[PDB]
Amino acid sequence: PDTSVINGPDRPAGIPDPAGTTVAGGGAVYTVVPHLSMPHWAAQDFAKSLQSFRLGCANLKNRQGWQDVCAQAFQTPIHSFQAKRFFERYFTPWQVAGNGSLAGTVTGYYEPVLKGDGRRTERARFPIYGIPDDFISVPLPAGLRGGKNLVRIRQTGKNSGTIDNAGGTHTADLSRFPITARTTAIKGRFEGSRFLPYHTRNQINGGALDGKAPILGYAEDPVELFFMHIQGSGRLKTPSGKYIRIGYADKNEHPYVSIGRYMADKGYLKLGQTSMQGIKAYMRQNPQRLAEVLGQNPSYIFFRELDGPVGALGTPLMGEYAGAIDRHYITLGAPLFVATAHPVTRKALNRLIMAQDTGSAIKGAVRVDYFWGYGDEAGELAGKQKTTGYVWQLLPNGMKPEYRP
């Protein structure tokens, strides 16, 4: 998972910057410390951390600076002493401080499991859609993020187009598009002379995508399907007990609206019964409100077929041994020692996770989204996790951390 070992000569270890060496940028300060100044260093399950590092190396291998440690990872036995020595000998620890503080926020995320099936059945009735046949993504230059312009669009590929005012084939009225400050692409479809915003969740729920999109699977509950959209990935568990792994492909770009807030406004349930268990039970006694409530959130996620979801590094994540970081501050792929408390037991949760993912809301020098794995338990823990953490970034000897604006 892995268990294996590649034989051969130890890779060059290189030359560690000495303790107290400092890099600063973007309000952050990185400082080399001894491996032993990290809380409970020696006691950790380094064998799991090494299996986690090995998963990232399929892509991390190819990044300058990382070739030797990634080859060395596969020549190290999956045992905690050897793994510990690998991290101690091949990497230098950089304590991270953001805005003058070593303290930051650790939150949690997971991959939900839902009952479903690969083909439609009496129970698995709700389709999970791949990217539609007519779904067109068009890059939006920073210049147009005021979203007022009437532009022309030209198709350039099956699911892609470009803004071309002189030779575009269709008109797009950007004011009609859900464009905000962070927007880097608009999603739409060609229709007569126009390029129109893509279907909202309500239109999709009401069957806009019929015969027009790949279906990857069917879920049994539309509320849990709805929440998988929120998580951005998931796994179907078939009646056989088999898994269908499903990953983020794209989205319609329509805003996120919170249905818990809507539900609280209509009086349907109060703003405290706001959970997928509360909504799911409520929708079981009141099926006539389903279409209405779900369609309040216009955002809609499209998926693709893929053990572990694939993060920003392009690599499958190990439960409890990976997290999402801000790439402005943390070098993607780096081991990250995180010191924090377990969300439930309050026992020290001190460990080397692999910084293998990113997230739109994950911002700051000391800021981790802790990946808990897949399933119900992982989702409970993930939802309860909002703890203070302290972080150290381990980098290959001689590689410096960097603020990347």
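Residue positions are given as counts along the sequence shown, with the first one as 1.
Counting the deposited residues that fall between residue 306 and residue 307 and carry no coordinates gives a value of 4 to 9. Once the C-alpha B-factors are averaged per stretch, 148-156 and 210-218 rank with 210-218 first.
Mean C-alpha B-factor is higher over 13-21 than over the other stretch, the pair under comparison being 13-21 and 392-400. Taking only the listed residues 358, 37, 345, 340, the entry reports the highest CA temperature factor at 37. Within the listed group 94, 129, 282, 86, the record reports its top CA B-factor for 282. Remark: residue 326 belongs to the lowest third of its chain, ranked by C-alpha B-factor as recorded. Sort the modelled residues of the chain by CA B factor and residue 170 lands in the middle third. Residue 289: CA B factor lies in the highest third for its chain, per the PDB record. When the CA B factors of the chain's modelled residues are split into thirds, the value for residue 67 lands in the middle one. Among all modelled residues in this chain, the alpha-carbon of residue 199 has a temperature factor (C-alpha) in the middle third.
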